[PDB]
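Chains as they are written, first to last, in the deposited numbering: chain A, 56 to 105; chain B, 304 to 352; chain C, 650 to 699; chain D, 848 to 946; chain E, 848 to 897; chain F, 353 to 402. We treat Cβ as the ideally placed atom computed from N, Cα and C, and that holds for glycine.
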Amino acid sequence: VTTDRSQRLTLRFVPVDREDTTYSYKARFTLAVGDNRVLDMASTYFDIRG
Amino acid sequence: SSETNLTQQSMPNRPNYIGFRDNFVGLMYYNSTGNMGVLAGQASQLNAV
Amino acid sequence: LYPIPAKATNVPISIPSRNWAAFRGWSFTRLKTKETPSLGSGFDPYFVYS
Amino acid sequence: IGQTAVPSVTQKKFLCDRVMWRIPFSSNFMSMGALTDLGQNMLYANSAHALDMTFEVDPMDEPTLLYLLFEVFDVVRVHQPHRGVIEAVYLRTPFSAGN
Amino acid sequence: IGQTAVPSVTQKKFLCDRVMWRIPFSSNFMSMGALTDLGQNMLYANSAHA
Amino acid sequence: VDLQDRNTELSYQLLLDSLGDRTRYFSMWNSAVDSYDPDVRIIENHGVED
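Now the structure itself:
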């Protein structure tokens with residue numbers, strides 16, 4: 056069921072690129088799912104501060 | 304300031320509640336071909352969305 | 650489009666990782682900012698030129 | 848000029864102005880077709896690459912822009928199957944934006 | 848120094864004049880071989896990290 | 353399906369030159385290319401026949 060290798064439960068990524076136009080904002084992330092892991096995309100969200 | 308202006312009356316300004324929409328509706332572009340989001344397998348770059 | 654500050658002389662730029670299949674090459678040129686409107690808006694109040 | 852000509856130094860420069868500078872991504876810089884040979888190597892390369900460019904440029908007293916064109920296939924295809932309707936598929940091969 | 852010695856504060860530093868600092872990409876920081884154990888790990892030999 | 357990083361106006365000015373001759377003016381499409389006097393641009397100072 057559970058691994059006993061050292062491994063994070065939660066990852067935070069930062070925009071590899073961003074754009075800041077007059078009417079909208081873009082961010083690009085390299086979402087990297089490593090070997091022997093699987094990501095239920097329902098667990099993801101974008102954390103915005105402003 | 305004047306003797307007539309003692310007789311002014313004031314009324315509270317109308318309540319106006321401002322915040323984000325339910326579930327953050329509208330904060331992300333969905334259903335717009337002009338600003339379409341991307342979830343693509345690097346390095347084929349075929350967008351899955 | 651990328652900004653060149655007043656009296657700057659090296660203008661570095663980078664593209665985040667992507668795929669270059671059917672890529673054709675580059676063309677490039679230099680513009681003044683006051684002679685360039687931003688098309689990202691319905692109107693450009695900083696475009697003081699004609 | 849003449850018999851009293853002052854000691855002298857030379858300045859060489861050029862213009863070309865309606866132009867914008869071009870660099871073909873092609874194994875030798877010729878036009879051998881619209882879809883270049885390196886553009887096809889990068890298909891069968893099946894891998895992502897990053898890019899840096901550094902432009903060195905003369906200083907100017909006023910703010911200026913570098914303008915780049917990443918040359919690309921930006922295209923549409925258009926279908927018209929009944930009296931009422933039109934349906935367009937767009938593509939942009941490098942630097943895509945969806946469908 | 849001496850009987851009229853003045854109240855004093857200590858300052859500490861080091862010099863290192865021909866070295867260049869090193870950080871081995873080795874799982875325990877030792878040199879066990881010229882091709883390290885992380886440089887042929889399951890992760891770093893398979894996936895394109897940033 | 354338009355995009356913020358296309359340049360349709362410039363693209364037309366180049367395609368018209370590739371199709372025909374821009375030195376011929378046409379009032380219908382207000383077609384009359386921006387030009388300069390080259391003798392102003394690059395001064396040929398022959399002096400004067402005086």
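- About 5 Å separates the Cβ atoms of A346 of chain B and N668 of chain C, confirming a contact at the 8 Å cut-off.
- Within the segment 883 to 935 of chain D, the alpha helix (DSSP H) runs of at least 4 residues that lie entirely inside it are, in chain order, 884 to 891.
- Listed along chain D, no residue sits closer than 9 Å to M331 of chain B by beta-carbon distance, the nearest being about 15 Å off.
- Contact annotation: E903 of chain D and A655 of chain C have beta-carbon atoms that are not nearer than 8 Å.
- The beta carbon of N326 of chain B sits no closer than 8 Å to any beta carbon of chain A.
- Under DSSP, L680 of chain C forms a beta bridge with D:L912.
- Here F920 of chain D is near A671 of chain C, since their CB atoms are less than 8 Å apart.
- With 16 or more other CB atoms across the displayed protein chains lying within 10 angstroms of its CB, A944 of chain D is buried.
- Sorting F:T360, F:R376 and F:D402 by C-alpha distance to the C-alpha of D386 of chain F places F:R376 at the top.
- Ranking C:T658, C:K681 and C:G689 by CA distance to the CA of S699 of chain C puts C:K681 first.
- In this structure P928 of chain D is exposed. Its beta-carbon is surrounded by fewer than 16 other beta-carbon atoms within 10 angstroms.
- Taking a 10 Å sphere around the C-beta of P941 of chain D, we find 16 or more other C-beta atoms and assign the residue as buried.
- For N893 of chain E, the nearest CB of chain A lies under 8 Å from its own CB, placing it at the interface with that chain.
- In the structure shown, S663 of chain C adopts extended strand secondary structure according to DSSP, grouped into three states.
- Taking a C-beta cut-off of 8 Å against chain C, the contacting residues of the segment 907 to 919 of chain D are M907, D908, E909, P910, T911, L912, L913, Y914, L915, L916, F917, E918 and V919, listed in chain order.
- Annotation for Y364 of chain F: the continuous alpha helix (DSSP H) segment containing it runs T360 to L371.
- The beta carbon of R83 of chain A sits closer than 8 Å to some beta carbon of chain C.
- Within the segment 63 to 84 of chain A, the residues whose Cβ lies closer than 8 Å to some Cβ of chain C are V71, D72, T76, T77, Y78 and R83, listed in chain order.
- Interface residue (Cβ-Cβ distance to chain F less than 8 Å): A935 of chain D is classified as such.
- Look at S98 of chain A here: in three-state DSSP terms it is helix.
- Residues of the same chain with a CB within less than 6 Å of the CB of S98 of chain A, apart from the 5 flanking positions on each side, do not exist.
- Distance between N308 of chain B and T685 of chain C, taken at the CA atoms: about 55 Å.
- When the Cα atoms are used, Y78 of chain A and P652 of chain C turn out to be separated by approximately 20 Å.
- Neighbours of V904 of chain D in chain C, taken as residues at a C-beta separation under 9 Å, are given in chain order as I653, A657, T658, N659, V660 and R679.
- At a Cβ-Cβ threshold of 8 Å, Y891 of chain E and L885 of chain E count as neighbours.
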